[PDB]
Amino acid sequence: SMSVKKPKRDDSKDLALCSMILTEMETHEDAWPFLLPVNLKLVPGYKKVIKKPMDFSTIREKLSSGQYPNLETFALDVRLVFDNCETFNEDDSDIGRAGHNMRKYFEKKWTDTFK
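Residues numbered from 1 in each chain as written, not as in the entry; some residues may be left out. Heavy atoms only, no water. Residues with missing side-chain atoms left out of burial classes, pairs and counts.

Per the PDB entry, the protein is named Bromodomain adjacent to zinc finger domain protein 2B, and its organism is Homo sapiens. Looking at the PDB record, one finds the entry titled "PanDDA analysis group deposition -- Crystal Structure of BAZ2B after initial refinement with no ligand modelled (structure 150)".

For the rest of this paragraph, the subject is the side chain of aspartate 55. Tracing the backbone shows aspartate 55 in the loop between α2 (46–49) and α3 (56–64). Of the side chains bearing the opposite charge, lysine 62 lies closest to the buried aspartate 55, which forms no salt bridge; the N-O distance is 9.7 Å. Among the polar contacts made by the side chain of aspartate 55, one reaches the side chain of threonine 58 at a distance of 2.6 Å. Once residues within four sequence positions are removed from consideration, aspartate 55 is found in contact with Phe34, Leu35, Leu36, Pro37 and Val81. (Helix = DSSP H or I, 4+ residues; strand = E, 2+ residues; numbered from the N terminus. Buried < 20%, exposed > 50% of the residue type's maximum accessible area, 1.4 Å probe, protein only. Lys, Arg positive; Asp, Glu negative; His and termini not counted. Salt bridge = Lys/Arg side-chain N within 4 Å of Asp/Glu carboxyl O. Polar contact = N/O pair within 3.5 Å; in protein donor to acceptor, adjacent residues only side chain to side chain. Contact = heavy atoms within 4.5 Å.)

Moving on: α3. Here α3 has its buried residues at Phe56, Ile59, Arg60 and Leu63. One side of α3 carries all its buried residues, which in axial view fall inside an arc of 100 degrees. Following α3 by one or two positions, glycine 66 has its phi on the positive side, about 65 degrees. (Arc of directions from axis to C-beta.)

Among the nonpolar cores identified, the biggest contains 23 residues, and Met25, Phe56, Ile59, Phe74, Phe82 and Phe106 are the most heavily contacted of them. If you tally residues by element for this core, the top one is helix α4 (residues 71–88), at eight residues. Once residues within four sequence positions are removed from consideration, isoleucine 59 is found in contact with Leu22, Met54, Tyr68, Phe74, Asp77, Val78 and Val81. (Core = buried A, V, L, I, M, F, W, Y, C linked by side-chain atoms within 4.5 Å.)

Moving on: the packing of α4 against helix α5 (residues 94–114). Where α4 contacts α5, the two axes come as close as 8 Å, and the packing angle between them is 160 degrees. By the criterion of interaxial angle, the relationship of α4 to α5 is roughly antiparallel. As α4 runs across α5, the sense of the crossing is left-handed. Together, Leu71, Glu72, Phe74, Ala75, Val78, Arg79, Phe82, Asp83, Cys85 and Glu86 of α4 and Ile95, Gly96, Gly99, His100, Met102, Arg103, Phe106, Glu107, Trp110 and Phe114 of α5 make up the contact between the two elements. (Axes fitted to C-alpha atoms, helices over the stretch in contact; angles between N-to-C directions. Parallel < 35°, antiparallel > 145°, perpendicular 65-115°, else oblique. Left-handed = near helix turned anticlockwise from the far one by under 90°.)

What follows is the structure, given as structure tokens:
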């Protein structure tokens, strides 16, 4: 509360560390469904169904331009990519499997880096 704070965590490396996680996600062999925004002109249903599209290139641009105020907002966008994937793609499909794989990959890096 006012004048009552937990000891100050060092957040000075967070930006660099999120960048490194994102590079690792970008270079994973199963990243291909997520590298670029879904083409809303060429994929029927996507625009109407997926209310907040997100992809790795969009996260990179937001990260590089100071649009994440803290590491929780960064994690929310990464998770959005995989939540969108699950909404639109059957679990038993190459893309559906890719999204589960990538979500696991991310969550381990996230825990190991920050928990």
